[PDB]
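See below for the structure under consideration.
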There are 2 protein chains.
Amino acid sequence: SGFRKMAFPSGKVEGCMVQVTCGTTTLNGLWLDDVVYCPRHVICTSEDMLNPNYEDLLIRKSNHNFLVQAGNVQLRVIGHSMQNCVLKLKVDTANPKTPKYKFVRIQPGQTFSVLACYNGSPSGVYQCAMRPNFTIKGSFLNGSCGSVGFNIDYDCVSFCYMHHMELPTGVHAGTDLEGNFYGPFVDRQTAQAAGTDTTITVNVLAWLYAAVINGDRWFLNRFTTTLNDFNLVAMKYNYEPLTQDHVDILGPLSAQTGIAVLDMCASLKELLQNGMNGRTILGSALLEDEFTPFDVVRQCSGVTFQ
Amino acid sequence: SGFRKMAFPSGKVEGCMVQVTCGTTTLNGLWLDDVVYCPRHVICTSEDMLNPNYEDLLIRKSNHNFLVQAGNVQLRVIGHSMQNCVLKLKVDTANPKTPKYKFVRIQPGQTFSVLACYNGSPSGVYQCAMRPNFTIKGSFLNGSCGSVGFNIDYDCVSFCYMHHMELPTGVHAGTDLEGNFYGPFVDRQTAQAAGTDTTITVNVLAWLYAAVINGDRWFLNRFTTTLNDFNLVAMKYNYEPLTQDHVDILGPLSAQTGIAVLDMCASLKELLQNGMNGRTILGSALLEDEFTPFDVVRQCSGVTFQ
Ligand SMILES: *[C@H](O)[C@H](C[C@@H]1CCNC1=O)NC(=O)[C@@H]1[C@H]2CCC[C@H]2CN1C(=O)COc1ccc(Cl)c(Cl)c1
Ligand SMILES: *[C@H](O)[C@H](C[C@@H]1CCNC1=O)NC(=O)[C@@H]1[C@H]2CCC[C@H]2CN1C(=O)COc1ccc(Cl)c(Cl)c1
């Protein structure tokens, strides 16, 4: 038993992490087969960072301008191209540690592991959710750009996130691995801001099921509610609407615990209207919304990855 | 910016994880050079698990009884010996992925990363603290024994924990890598229990400094307090006494933020006496005590590992 914010083992990604330096900018790149992926703003310098034109900036670059460092081995760049907001640096060497992988784009509400890197070297790993407003509450300092977010699905790494920037509230924005930003953000210094977030309702319910599985039961009740009546409460407390599909996805957890999904909604309602009254749930005094139903099933049943 | 419960990159440990099967028991082993380390209770079966005599049980074993599986390669056991509560299985092959390592024993209050494994395959990674009562609040299911806890110090893995068991409150107990239990626990089914815990005071203060570094300032005050007067409050709220050495260790964080350690203590006092009044600190509605001063400095300055 126990329930922890658990990241995927990072080894497969660690072997793909490289250093990319161009001009005065050093960031991280992702080396898969003979391509290194990195944020395109590496080709910028200070004055370039207000209103850049990256097509103009890229045509002025040379392969030899890109210093790519895989540990203590320099990788010769032999081609480069821009794909949206990522740069694809073709290098003369395929990464022998390339795992099976996919580039996937995730939905707000879904979670992933971030391997925070500096200078191509992994610093730490942690779990994140894509917020409804397409930001992530990460932990990122200067030089962390190009760190990736990912899931692992048996032996296959699904890369979903590459880090580009921090917003004024201290949250983080980036792209999928095809270079397309999550949310309405651009890789420029503008006055852009996150915009209002909501709590991921289905995830909160998943975490309540994790709590029941782990022996926290105090918030349970005999009450029930309709899906419509629950969503009128969710709206007031700035929770995402719960769909019938969310109810279906919570089925297995409902079955294991014997608590109907709509019954757990009634519990959530009471927690929203009354608070926790000094109690905790799974060591939290807040309703936690960064575990998906899958995350709960994964942890509470012991799925591994080969 | 941002602050996350961050684990170390797990790759170096992942390459050491193997499966050990003996009889009806399958657990994880740690393969370093030509030795596999695993919990000695692998040599037990159901009836063996009440009041065992492991010296008796081990002399009845044969090298060939130990099925050691490194991925899809079976490792031939050529010797075995007991060291306290761990078994050392000598195998005919040195692990080519053996990192530089040390066996270290940690102090309550210190943190480490756990690579949760099943069947020798990594499932997830998360950060833990050694509680003052020598338990850890982990996430462990049947088959997770032999998973290790560790820190990474540049390129060197300091293994500090191997998992053996869960206690009736859902917390976890285990040994250092020399087989010596953390705390007054034994690898038997007895009525043993954790025993009363305390909150790791120096860590809470570290996390308050992390909050200030990250722009959470609402809990700060002009007040100060003496170390003695703070500790009279700490005792009432079941917090560990703060020592002058703790104050010294918090020096660098005090210097970076400009908040005297004893001033931050005064803030903690007020949080203890008054609660948080609906506010959060670093996304928590609880005072968090599983970040050490080192963890905070590490994350808020970007230390990596090569
Ligand atoms: C890339 O390493 C870096 C990552 C940032 C730095 C601080 N936290 C992060 O996650 N990205 C940036 O510096 C990007 C840069 C590329 C696109 C736009 C431009 C500006 N920017 C920002 O992240 C701006 O916010 C910001 C906040 C705090 C700090 Cl210290 C900095 Cl350097 C930037
Ligand atoms: C080893 O894989 C296993 C890990 C346990 C299992 C559940 N959570 C864990 O962390 N260890 C044990 O099963 C040990 C075993 C070796 C020493 C004593 C004996 C009993 N025990 C326990 O952990 C007893 O507690 C316990 C609680 C809940 C469950 Cl499902 C189980 Cl199997 C054991």
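Ordered as shown in the structure tokens, chains take letters A, B, and onward, while each chain numbers its residues from 1 and ligands are numbered from 1 in the order shown.
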Practice problem: Give the residue list for ligand 1 at 10 Å, counting only C-alpha atoms and all ligand atoms, as a count of residues only, sorted by chain and then by residue number. | Solution: 50
Practice problem: Kindly determine which residues of chain B lie within 7 Å of chain A, considering only C-alpha atoms, and give the answer as a PyMOL selection string. | Solution: chain B and resi 1-11+14+118+121-126+137-141+170+285-286+302-306
Please write the residues from the selection above to a file, keeping N, CA and C atoms, as an mmCIF file, in the first residue's frame.
```cif
data_model
loop_
_atom_site.group_PDB
_atom_site.id
_atom_site.type_symbol
_atom_site.label_atom_id
_atom_site.label_comp_id
_atom_site.auth_asym_id
_atom_site.auth_seq_id
_atom_site.Cartn_x
_atom_site.Cartn_y
_atom_site.Cartn_z
ATOM 1 N N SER B 1 11.687 28.661 -12.099
ATOM 2 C CA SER B 1 11.051 28.506 -10.801
ATOM 3 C C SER B 1 10.139 27.283 -10.746
ATOM 4 N N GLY B 2 9.399 27.137 -9.656
ATOM 5 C CA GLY B 2 8.663 25.920 -9.396
ATOM 6 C C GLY B 2 9.363 25.038 -8.375
ATOM 7 N N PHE B 3 8.574 24.229 -7.681
ATOM 8 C CA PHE B 3 9.157 23.333 -6.697
ATOM 9 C C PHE B 3 8.366 22.042 -6.669
ATOM 10 N N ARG B 4 9.060 20.933 -6.888
ATOM 11 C CA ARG B 4 8.445 19.642 -7.111
ATOM 12 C C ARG B 4 9.164 18.602 -6.270
ATOM 13 N N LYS B 5 8.442 17.556 -5.888
ATOM 14 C CA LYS B 5 9.100 16.486 -5.163
ATOM 15 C C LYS B 5 9.851 15.715 -6.236
ATOM 16 N N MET B 6 11.161 15.909 -6.286
ATOM 17 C CA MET B 6 11.971 15.489 -7.415
ATOM 18 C C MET B 6 12.812 14.292 -7.033
ATOM 19 N N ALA B 7 12.752 13.244 -7.836
ATOM 20 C CA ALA B 7 13.617 12.103 -7.591
ATOM 21 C C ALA B 7 14.857 12.214 -8.455
ATOM 22 N N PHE B 8 15.874 11.442 -8.098
ATOM 23 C CA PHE B 8 17.048 11.386 -8.947
ATOM 24 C C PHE B 8 16.737 10.589 -10.207
ATOM 25 N N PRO B 9 17.415 10.894 -11.311
ATOM 26 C CA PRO B 9 17.278 10.064 -12.502
ATOM 27 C C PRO B 9 17.650 8.645 -12.133
ATOM 28 N N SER B 10 16.868 7.700 -12.623
ATOM 29 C CA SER B 10 16.913 6.350 -12.079
ATOM 30 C C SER B 10 17.750 5.415 -12.928
ATOM 31 N N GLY B 11 18.280 5.904 -14.052
ATOM 32 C CA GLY B 11 18.877 5.011 -15.035
ATOM 33 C C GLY B 11 19.983 4.146 -14.469
ATOM 34 N N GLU B 14 18.426 1.430 -12.538
ATOM 35 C CA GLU B 14 17.638 0.521 -13.362
ATOM 36 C C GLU B 14 18.505 -0.583 -13.925
ATOM 37 N N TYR B 118 9.100 -4.491 -9.647
ATOM 38 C CA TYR B 118 8.424 -5.772 -9.561
ATOM 39 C C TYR B 118 9.062 -6.682 -10.588
ATOM 40 N N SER B 121 11.776 -5.536 -12.703
ATOM 41 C CA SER B 121 11.524 -4.486 -13.683
ATOM 42 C C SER B 121 11.076 -3.214 -12.984
ATOM 43 N N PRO B 122 11.722 -2.080 -13.253
ATOM 44 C CA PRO B 122 11.307 -0.816 -12.621
ATOM 45 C C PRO B 122 9.890 -0.412 -12.991
ATOM 46 N N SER B 123 9.119 -0.051 -11.968
ATOM 47 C CA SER B 123 7.746 0.413 -12.096
ATOM 48 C C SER B 123 7.627 1.930 -12.011
ATOM 49 N N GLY B 124 8.386 2.567 -11.130
ATOM 50 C CA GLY B 124 8.299 4.006 -10.960
ATOM 51 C C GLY B 124 9.374 4.478 -10.013
ATOM 52 N N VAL B 125 9.529 5.799 -9.954
ATOM 53 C CA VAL B 125 10.518 6.390 -9.075
ATOM 54 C C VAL B 125 9.851 7.514 -8.297
ATOM 55 N N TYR B 126 10.198 7.621 -7.028
ATOM 56 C CA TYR B 126 9.661 8.697 -6.211
ATOM 57 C C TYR B 126 10.632 9.001 -5.086
ATOM 58 N N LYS B 137 7.263 6.458 4.242
ATOM 59 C CA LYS B 137 5.915 6.432 3.690
ATOM 60 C C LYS B 137 6.101 6.192 2.198
ATOM 61 N N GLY B 138 6.184 4.917 1.819
ATOM 62 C CA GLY B 138 6.440 4.541 0.448
ATOM 63 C C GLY B 138 5.180 4.135 -0.289
ATOM 64 N N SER B 139 5.391 3.583 -1.471
ATOM 65 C CA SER B 139 4.313 2.993 -2.245
ATOM 66 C C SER B 139 4.864 1.665 -2.724
ATOM 67 N N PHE B 140 4.404 0.586 -2.094
ATOM 68 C CA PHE B 140 4.989 -0.739 -2.240
ATOM 69 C C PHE B 140 3.871 -1.762 -2.171
ATOM 70 N N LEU B 141 3.845 -2.678 -3.136
ATOM 71 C CA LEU B 141 2.893 -3.775 -3.198
ATOM 72 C C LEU B 141 3.646 -5.091 -3.037
ATOM 73 N N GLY B 170 0.467 0.877 7.073
ATOM 74 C CA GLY B 170 0.721 1.158 5.682
ATOM 75 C C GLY B 170 2.035 1.849 5.403
ATOM 76 N N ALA B 285 -1.356 22.508 1.341
ATOM 77 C CA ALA B 285 -2.090 23.051 2.469
ATOM 78 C C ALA B 285 -1.581 22.499 3.794
ATOM 79 N N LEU B 286 -0.462 21.784 3.765
ATOM 80 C CA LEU B 286 0.204 21.227 4.930
ATOM 81 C C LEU B 286 1.639 21.724 4.976
ATOM 82 N N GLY B 302 19.778 23.922 -9.607
ATOM 83 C CA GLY B 302 19.944 23.154 -10.830
ATOM 84 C C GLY B 302 21.099 22.176 -10.876
ATOM 85 N N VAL B 303 21.488 21.602 -9.736
ATOM 86 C CA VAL B 303 22.564 20.614 -9.718
ATOM 87 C C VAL B 303 22.179 19.413 -10.581
ATOM 88 N N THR B 304 23.127 18.930 -11.390
ATOM 89 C CA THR B 304 22.934 17.756 -12.242
ATOM 90 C C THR B 304 23.882 16.637 -11.808
ATOM 91 N N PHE B 305 23.887 15.543 -12.577
ATOM 92 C CA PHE B 305 24.671 14.355 -12.228
ATOM 93 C C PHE B 305 25.226 13.713 -13.489
ATOM 94 N N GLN B 306 26.547 13.556 -13.538
ATOM 95 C CA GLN B 306 27.202 12.956 -14.692
ATOM 96 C C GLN B 306 27.840 11.611 -14.344
#
```
Quiz item: segment 92-107 of chain B: which residues within 7 Å, counting only C-alpha atoms, same-chain residues fewer than 2 positions away excluded, as number ranges by chain?
Solution: B: 12, 15-16, 31-34, 76-78, 90, 109-110, 130, 155-160, 176-177
Take the residues from that selection and write them out as a PDB file, in the first residue's frame, keeping N, CA, C and O atoms.
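Contents of out-v3.pdb, freshly written:
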```
ATOM      1  N   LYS B  12      20.845   4.730 -13.623  1.00  0.00           N
ATOM      2  CA  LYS B  12      21.992   3.984 -13.117  1.00  0.00           C
ATOM      3  C   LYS B  12      21.541   2.820 -12.259  1.00  0.00           C
ATOM      4  O   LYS B  12      22.164   1.753 -12.259  1.00  0.00           O
ATOM      5  N   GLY B  15      19.717  -0.245 -14.358  1.00  0.00           N
ATOM      6  CA  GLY B  15      20.605  -1.273 -14.889  1.00  0.00           C
ATOM      7  C   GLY B  15      21.118  -2.286 -13.880  1.00  0.00           C
ATOM      8  O   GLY B  15      21.810  -3.232 -14.271  1.00  0.00           O
ATOM      9  N   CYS B  16      20.817  -2.119 -12.598  1.00  0.00           N
ATOM     10  CA  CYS B  16      21.247  -3.061 -11.570  1.00  0.00           C
ATOM     11  C   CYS B  16      20.143  -3.969 -11.073  1.00  0.00           C
ATOM     12  O   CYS B  16      20.406  -4.841 -10.227  1.00  0.00           O
ATOM     13  N   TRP B  31      22.103  -5.974  -8.483  1.00  0.00           N
ATOM     14  CA  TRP B  31      23.231  -6.671  -9.090  1.00  0.00           C
ATOM     15  C   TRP B  31      24.357  -5.662  -9.289  1.00  0.00           C
ATOM     16  O   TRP B  31      24.270  -4.786 -10.157  1.00  0.00           O
ATOM     17  N   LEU B  32      25.408  -5.782  -8.474  1.00  0.00           N
ATOM     18  CA  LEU B  32      26.559  -4.896  -8.531  1.00  0.00           C
ATOM     19  C   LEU B  32      27.786  -5.775  -8.608  1.00  0.00           C
ATOM     20  O   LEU B  32      27.964  -6.656  -7.758  1.00  0.00           O
ATOM     21  N   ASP B  33      28.622  -5.547  -9.623  1.00  0.00           N
ATOM     22  CA  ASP B  33      29.762  -6.415  -9.885  1.00  0.00           C
ATOM     23  C   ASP B  33      29.188  -7.830  -9.944  1.00  0.00           C
ATOM     24  O   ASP B  33      28.122  -8.021 -10.551  1.00  0.00           O
ATOM     25  N   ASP B  34      29.786  -8.816  -9.281  1.00  0.00           N
ATOM     26  CA  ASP B  34      29.309 -10.188  -9.393  1.00  0.00           C
ATOM     27  C   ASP B  34      28.488 -10.628  -8.185  1.00  0.00           C
ATOM     28  O   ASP B  34      28.424 -11.826  -7.883  1.00  0.00           O
ATOM     29  N   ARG B  76      23.786 -17.444 -13.328  1.00  0.00           N
ATOM     30  CA  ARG B  76      24.134 -18.600 -12.519  1.00  0.00           C
ATOM     31  C   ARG B  76      24.666 -18.158 -11.164  1.00  0.00           C
ATOM     32  O   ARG B  76      25.661 -17.430 -11.092  1.00  0.00           O
ATOM     33  N   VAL B  77      24.017 -18.612 -10.097  1.00  0.00           N
ATOM     34  CA  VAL B  77      24.507 -18.380  -8.743  1.00  0.00           C
ATOM     35  C   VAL B  77      25.618 -19.375  -8.441  1.00  0.00           C
ATOM     36  O   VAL B  77      25.449 -20.586  -8.620  1.00  0.00           O
ATOM     37  N   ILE B  78      26.757 -18.872  -7.969  1.00  0.00           N
ATOM     38  CA  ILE B  78      27.904 -19.719  -7.657  1.00  0.00           C
ATOM     39  C   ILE B  78      28.295 -19.661  -6.194  1.00  0.00           C
ATOM     40  O   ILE B  78      29.190 -20.410  -5.778  1.00  0.00           O
ATOM     41  N   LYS B  90      26.456 -14.699  -4.978  1.00  0.00           N
ATOM     42  CA  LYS B  90      27.557 -14.506  -5.899  1.00  0.00           C
ATOM     43  C   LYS B  90      27.199 -15.198  -7.204  1.00  0.00           C
ATOM     44  O   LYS B  90      26.762 -16.351  -7.187  1.00  0.00           O
ATOM     45  N   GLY B 109      15.158  11.926   8.702  1.00  0.00           N
ATOM     46  CA  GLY B 109      15.144  13.269   8.198  1.00  0.00           C
ATOM     47  C   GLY B 109      15.750  13.399   6.819  1.00  0.00           C
ATOM     48  O   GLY B 109      15.377  14.325   6.079  1.00  0.00           O
ATOM     49  N   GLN B 110      16.664  12.497   6.444  1.00  0.00           N
ATOM     50  CA  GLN B 110      17.257  12.585   5.114  1.00  0.00           C
ATOM     51  C   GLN B 110      16.362  11.914   4.079  1.00  0.00           C
ATOM     52  O   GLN B 110      15.525  11.063   4.382  1.00  0.00           O
ATOM     53  N   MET B 130      13.382   9.234   5.223  1.00  0.00           N
ATOM     54  CA  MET B 130      13.456   8.414   6.435  1.00  0.00           C
ATOM     55  C   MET B 130      12.754   9.154   7.561  1.00  0.00           C
ATOM     56  O   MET B 130      13.196  10.226   7.974  1.00  0.00           O
ATOM     57  N   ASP B 155      28.486  11.234 -10.124  1.00  0.00           N
ATOM     58  CA  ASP B 155      28.294  10.011 -10.904  1.00  0.00           C
ATOM     59  C   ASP B 155      28.164   8.762 -10.030  1.00  0.00           C
ATOM     60  O   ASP B 155      28.151   7.639 -10.555  1.00  0.00           O
ATOM     61  N   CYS B 156      28.032   8.934  -8.720  1.00  0.00           N
ATOM     62  CA  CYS B 156      28.119   7.847  -7.757  1.00  0.00           C
ATOM     63  C   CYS B 156      26.762   7.644  -7.104  1.00  0.00           C
ATOM     64  O   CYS B 156      26.144   8.607  -6.632  1.00  0.00           O
ATOM     65  N   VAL B 157      26.297   6.401  -7.093  1.00  0.00           N
ATOM     66  CA  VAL B 157      25.011   6.065  -6.506  1.00  0.00           C
ATOM     67  C   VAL B 157      25.281   5.644  -5.074  1.00  0.00           C
ATOM     68  O   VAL B 157      26.016   4.683  -4.841  1.00  0.00           O
ATOM     69  N   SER B 158      24.703   6.356  -4.114  1.00  0.00           N
ATOM     70  CA  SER B 158      24.799   5.954  -2.715  1.00  0.00           C
ATOM     71  C   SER B 158      23.520   5.214  -2.394  1.00  0.00           C
ATOM     72  O   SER B 158      22.474   5.833  -2.225  1.00  0.00           O
ATOM     73  N   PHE B 159      23.595   3.889  -2.354  1.00  0.00           N
ATOM     74  CA  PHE B 159      22.433   3.092  -1.987  1.00  0.00           C
ATOM     75  C   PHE B 159      22.256   3.181  -0.479  1.00  0.00           C
ATOM     76  O   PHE B 159      23.198   2.918   0.268  1.00  0.00           O
ATOM     77  N   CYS B 160      21.054   3.526  -0.022  1.00  0.00           N
ATOM     78  CA  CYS B 160      20.823   3.633   1.404  1.00  0.00           C
ATOM     79  C   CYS B 160      19.727   2.741   1.939  1.00  0.00           C
ATOM     80  O   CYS B 160      19.643   2.591   3.161  1.00  0.00           O
ATOM     81  N   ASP B 176      19.490  -0.938   5.513  1.00  0.00           N
ATOM     82  CA  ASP B 176      20.542  -0.444   4.645  1.00  0.00           C
ATOM     83  C   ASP B 176      21.055  -1.616   3.806  1.00  0.00           C
ATOM     84  O   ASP B 176      20.565  -2.755   3.905  1.00  0.00           O
ATOM     85  N   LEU B 177      22.023  -1.342   2.941  1.00  0.00           N
ATOM     86  CA  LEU B 177      22.481  -2.383   2.022  1.00  0.00           C
ATOM     87  C   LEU B 177      23.445  -3.357   2.675  1.00  0.00           C
ATOM     88  O   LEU B 177      23.867  -4.331   2.022  1.00  0.00           O
TER      89      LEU B 177
END
```
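For the residues A:75, A:136, A:65, A:213, ranking by smallest atom-to-atom distance to ligand 2 using only C-alpha atoms and all ligand atoms places A:213 first.
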Exercise. Determine which residues of segment 185-240 of chain A DSSP labels as alpha helix (DSSP H) from the backbone of this structure, then write them out as a ChimeraX atom specification.
Key: /A:201-213,227-236
Put those residues in a file: N, CA and C atoms, as a PDB file, in the first residue's frame.
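Just written: part-v4.pdb:
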```pdb
ATOM      1  N   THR A 201     -11.479  17.326 -12.643  1.00  0.00           N
ATOM      2  CA  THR A 201     -12.445  16.637 -11.786  1.00  0.00           C
ATOM      3  C   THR A 201     -12.257  15.131 -11.812  1.00  0.00           C
ATOM      4  N   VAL A 202     -12.099  14.549 -13.004  1.00  0.00           N
ATOM      5  CA  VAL A 202     -12.012  13.091 -13.062  1.00  0.00           C
ATOM      6  C   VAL A 202     -10.793  12.613 -12.284  1.00  0.00           C
ATOM      7  N   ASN A 203      -9.713  13.392 -12.305  1.00  0.00           N
ATOM      8  CA  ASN A 203      -8.506  12.999 -11.591  1.00  0.00           C
ATOM      9  C   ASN A 203      -8.718  13.054 -10.088  1.00  0.00           C
ATOM     10  N   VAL A 204      -9.408  14.089  -9.610  1.00  0.00           N
ATOM     11  CA  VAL A 204      -9.711  14.142  -8.186  1.00  0.00           C
ATOM     12  C   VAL A 204     -10.458  12.888  -7.773  1.00  0.00           C
ATOM     13  N   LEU A 205     -11.430  12.464  -8.580  1.00  0.00           N
ATOM     14  CA  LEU A 205     -12.184  11.270  -8.219  1.00  0.00           C
ATOM     15  C   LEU A 205     -11.279  10.052  -8.232  1.00  0.00           C
ATOM     16  N   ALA A 206     -10.399   9.959  -9.230  1.00  0.00           N
ATOM     17  CA  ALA A 206      -9.439   8.867  -9.243  1.00  0.00           C
ATOM     18  C   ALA A 206      -8.655   8.822  -7.946  1.00  0.00           C
ATOM     19  N   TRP A 207      -8.199   9.974  -7.478  1.00  0.00           N
ATOM     20  CA  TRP A 207      -7.374  10.028  -6.278  1.00  0.00           C
ATOM     21  C   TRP A 207      -8.185   9.682  -5.035  1.00  0.00           C
ATOM     22  N   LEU A 208      -9.472  10.016  -5.031  1.00  0.00           N
ATOM     23  CA  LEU A 208     -10.327   9.567  -3.934  1.00  0.00           C
ATOM     24  C   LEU A 208     -10.435   8.051  -3.923  1.00  0.00           C
ATOM     25  N   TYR A 209     -10.487   7.441  -5.108  1.00  0.00           N
ATOM     26  CA  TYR A 209     -10.475   5.985  -5.170  1.00  0.00           C
ATOM     27  C   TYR A 209      -9.140   5.434  -4.689  1.00  0.00           C
ATOM     28  N   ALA A 210      -8.029   6.070  -5.071  1.00  0.00           N
ATOM     29  CA  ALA A 210      -6.738   5.658  -4.524  1.00  0.00           C
ATOM     30  C   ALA A 210      -6.753   5.715  -3.007  1.00  0.00           C
ATOM     31  N   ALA A 211      -7.405   6.730  -2.450  1.00  0.00           N
ATOM     32  CA  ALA A 211      -7.458   6.856  -1.008  1.00  0.00           C
ATOM     33  C   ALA A 211      -8.240   5.704  -0.400  1.00  0.00           C
ATOM     34  N   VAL A 212      -9.389   5.376  -0.988  1.00  0.00           N
ATOM     35  CA  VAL A 212     -10.189   4.272  -0.466  1.00  0.00           C
ATOM     36  C   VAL A 212      -9.401   2.975  -0.553  1.00  0.00           C
ATOM     37  N   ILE A 213      -8.741   2.743  -1.689  1.00  0.00           N
ATOM     38  CA  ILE A 213      -7.915   1.553  -1.842  1.00  0.00           C
ATOM     39  C   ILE A 213      -6.876   1.487  -0.740  1.00  0.00           C
ATOM     40  N   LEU A 227     -25.384  12.963 -12.237  1.00  0.00           N
ATOM     41  CA  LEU A 227     -24.278  13.600 -12.936  1.00  0.00           C
ATOM     42  C   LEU A 227     -24.553  15.082 -13.166  1.00  0.00           C
ATOM     43  N   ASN A 228     -25.792  15.427 -13.538  1.00  0.00           N
ATOM     44  CA  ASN A 228     -26.141  16.834 -13.725  1.00  0.00           C
ATOM     45  C   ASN A 228     -26.030  17.615 -12.423  1.00  0.00           C
ATOM     46  N   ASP A 229     -26.546  17.063 -11.326  1.00  0.00           N
ATOM     47  CA  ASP A 229     -26.468  17.783 -10.061  1.00  0.00           C
ATOM     48  C   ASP A 229     -25.025  17.901  -9.583  1.00  0.00           C
ATOM     49  N   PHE A 230     -24.197  16.884  -9.827  1.00  0.00           N
ATOM     50  CA  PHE A 230     -22.793  17.038  -9.469  1.00  0.00           C
ATOM     51  C   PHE A 230     -22.162  18.179 -10.256  1.00  0.00           C
ATOM     52  N   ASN A 231     -22.389  18.225 -11.579  1.00  0.00           N
ATOM     53  CA  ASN A 231     -21.744  19.257 -12.403  1.00  0.00           C
ATOM     54  C   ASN A 231     -22.164  20.681 -12.058  1.00  0.00           C
ATOM     55  N   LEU A 232     -23.351  20.884 -11.482  1.00  0.00           N
ATOM     56  CA  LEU A 232     -23.697  22.225 -11.021  1.00  0.00           C
ATOM     57  C   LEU A 232     -22.832  22.623  -9.840  1.00  0.00           C
ATOM     58  N   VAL A 233     -22.434  21.653  -9.015  1.00  0.00           N
ATOM     59  CA  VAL A 233     -21.493  21.940  -7.937  1.00  0.00           C
ATOM     60  C   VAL A 233     -20.083  22.140  -8.494  1.00  0.00           C
ATOM     61  N   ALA A 234     -19.678  21.296  -9.450  1.00  0.00           N
ATOM     62  CA  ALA A 234     -18.358  21.417 -10.055  1.00  0.00           C
ATOM     63  C   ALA A 234     -18.157  22.801 -10.653  1.00  0.00           C
ATOM     64  N   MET A 235     -19.157  23.304 -11.380  1.00  0.00           N
ATOM     65  CA  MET A 235     -19.018  24.629 -11.967  1.00  0.00           C
ATOM     66  C   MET A 235     -18.740  25.678 -10.900  1.00  0.00           C
ATOM     67  N   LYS A 236     -19.478  25.643  -9.783  1.00  0.00           N
ATOM     68  CA  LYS A 236     -19.307  26.708  -8.801  1.00  0.00           C
ATOM     69  C   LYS A 236     -17.890  26.709  -8.259  1.00  0.00           C
TER      70      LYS A 236
END
```
Quiz item: What separation in Å, quoted to one decimal, exists between atom CA of residue 87 of chain B and atom CA of residue 23 of chain B?
Solution: 15.1 Å
Self-check item: Surrounding residues of residue 132 of chain B excluding itself and chain neighbours under 5 positions, 12 Å, only C-alpha atoms, as a PyMOL selection string
Solution: chain B and resi 106-111+137+182-183+194-201+203+238-241+289-290
Exercise. Please provide the set of residues having any atom within 12 Å of residue 81 of chain B, restricted to only C-alpha atoms, with same-chain residues fewer than 5 positions apart removed, written as a ChimeraX atom specification.
Key: /B:35-40,43,54-55,57-59,61-63,86-91,179
